[PDB]
Chemist: 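Structure in structure tokens, see below.
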Amino acid sequence: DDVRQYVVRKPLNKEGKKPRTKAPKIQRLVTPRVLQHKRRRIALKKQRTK
RNA sequence: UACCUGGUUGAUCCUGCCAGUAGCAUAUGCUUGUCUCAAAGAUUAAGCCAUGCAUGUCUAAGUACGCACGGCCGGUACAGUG
Ligand SMILES: [Mg+2]
Ligand SMILES: [Mg+2]
Ligand SMILES: [Mg+2]
Ligand SMILES: [Mg+2]
Ligand SMILES: [Mg+2]
Ligand SMILES: [Mg+2]
Ligand SMILES: [Mg+2]
Ligand SMILES: [Mg+2]
């Protein structure tokens with residue numbers, strides 16, 4: 001299941017401004033950046049060993 | 001600038017101090033037109049304090065769902081300033 005689908009959003013409607021919806025930033029979410037950081041942490045050990 | 005002078009006697013030569021002389025640093029008195037520097041509640045009380053200020057800090061890079069502002073899609077995690 002996808003977490004990004006099930007985020008609880010907040011409606012936000014002030015007088016004189018268009019209606020809006022806001023959702024929080026998901027924390028502890030596996031993203032390609034996290035995997036790439038782990039990949040480089042692994043890849044530095046190979047350089048040290050060589 | 002390696003310097004002296006007056007004072008004890010009726011008069012003289014001495015010892016010997018007092019006073020006289022020139023710097024310096026604290027206060028004080030009188031006086032004071034122009035410019036450059038410049039010390040400044042140490043001395044008696046490390047005695048007592050009204051009031052105000054004198055230590056705070058964010059980058060692309062720890063944590064933003066404060067519309068407090070703000071552009072597009074509009075479930076389509078999180079645009080950006082903060
Ligand atoms: Mg995280
Ligand atoms: Mg005489
Ligand atoms: Mg003298
Ligand atoms: Mg003039
Ligand atoms: Mg004092
Ligand atoms: Mg004192
Ligand atoms: Mg002082
Ligand atoms: Mg100070």
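Hydrogens, waters and symmetry mates are skipped; everything else that's a heavy atom, side chains included, is used. Naming convention: chains lettered A, B, ... in sequence-line order (proteins, then strands); numbering from 1 in each chain.
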Chemist: Taking atom P in both B:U76 and B:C65, compute the distance separating them and give it to the nearest angstrom.
Modeler: 15 Å
Chemist: Between B:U21 and B:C4, how far apart are the two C1' atoms, rounded to whole Å?
Modeler: 9 Å
Chemist: Going by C1'-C2'-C3'-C4', which side is B:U43 on: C3'-endo/north or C2'-endo/south?
Modeler: south
Chemist: What pucker, north or south, follows for B:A38 from the sign of the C1'-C2'-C3'-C4' torsion?
Modeler: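 Of the two classes, B:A38 takes north, because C1'-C2'-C3'-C4' is positive.
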Chemist: Kindly state whether the bases of B:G20 and B:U21 qualify as stacked, with ring centres closer than 5.5 Å and planes tilted less than 30 degrees?
Modeler: yes
Chemist: Evaluate the base stacking between B:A39 and its strand neighbour B:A40 against centres under 5.5 Å and planes under 30°, returning yes or no.
Modeler: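 Stacked: B:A39 and B:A40 meet both the distance and angle limits.
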Chemist: In whole Å, what separates the P atom of B:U55 from that of B:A39?
Modeler: 25 Å
Chemist: Please report the closest heavy-atom contact between A:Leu35 and A:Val30, naming both atoms and the distance.
Modeler: CD2-CG1, 4.0 Å
Chemist: What's the gap between B:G80 and B:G71 when it is taken at their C1' atoms, as a whole Å value?
Modeler: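 After rounding to an integer number of Å, I get 8 Å for this pair.
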Chemist: Suppose the criterion is salt bridge (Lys or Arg N to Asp or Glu O under 4.0 Å): which pairs have a residue in residues 4-16 of chain A, not counting sequence neighbours?
Modeler: A:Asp2-A:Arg4
Chemist: In whole Å, what separates the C1' atom of B:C72 from that of B:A79?
Modeler: 8 Å
Chemist: Check for me whether B:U44 stacks on B:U43 (ring centroids under 5.5 Å, interplanar angle under 30°).
Modeler: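 Ring centres or planes out of range, so no.
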Chemist: Runs of at least three consecutive Watson-Crick or G-U pairs, both distances under 3.5 Å, are what I'm after; which ones involve RNA chain B?
Modeler: B:4-7 with B:17-20
Chemist: Rounding to the closest angstrom, what is the interatomic distance between B:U8 and B:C13 at atom P?
Modeler: 12 Å
Chemist: Decide between north and south for B:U55, the convention being positive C1'-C2'-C3'-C4' for north and negative for south.
Modeler: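 Since its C1'-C2'-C3'-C4' torsion is negative, the sugar of B:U55 is on the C2'-endo, or south, side.
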Chemist: Does B:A54 stack on B:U55, meaning their six-ring centres are under 5.5 Å apart and the planes differ by under 30°?
Modeler: no
Chemist: When you compare B:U59 with B:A38, how far apart are their P atoms, in angstrom units rounded to a whole number?
Modeler: 39 Å
Chemist: Glycosidic conformation of B:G75, syn or anti, with 90° from 0 as the boundary?
Modeler: syn
Chemist: Should B:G74 be tagged north or south? The rule is the sign of the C1'-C2'-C3'-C4' torsion.
Modeler: south
Chemist: Suppose you measure atom P in B:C14 against the same atom in B:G6; what distance do you get, rounded to whole Å?
Modeler: 13 Å
Chemist: Answer yes or no: are the six-membered ring centres of B:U15 and B:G16 under 5.5 Å apart with planes under 30°?
Modeler: yes
Chemist: Judged by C1'-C2'-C3'-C4' (positive north, negative south), is the sugar of B:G41 north or south?
Modeler: south
Chemist: Report, as a single string ordered 5' to 3', how protein heavy atoms within less than 4.0 Å touch nucleotides 62-72 of chain B: B base, S sugar-phosphate only, - not at all.
Modeler: --SB-BSSBBB
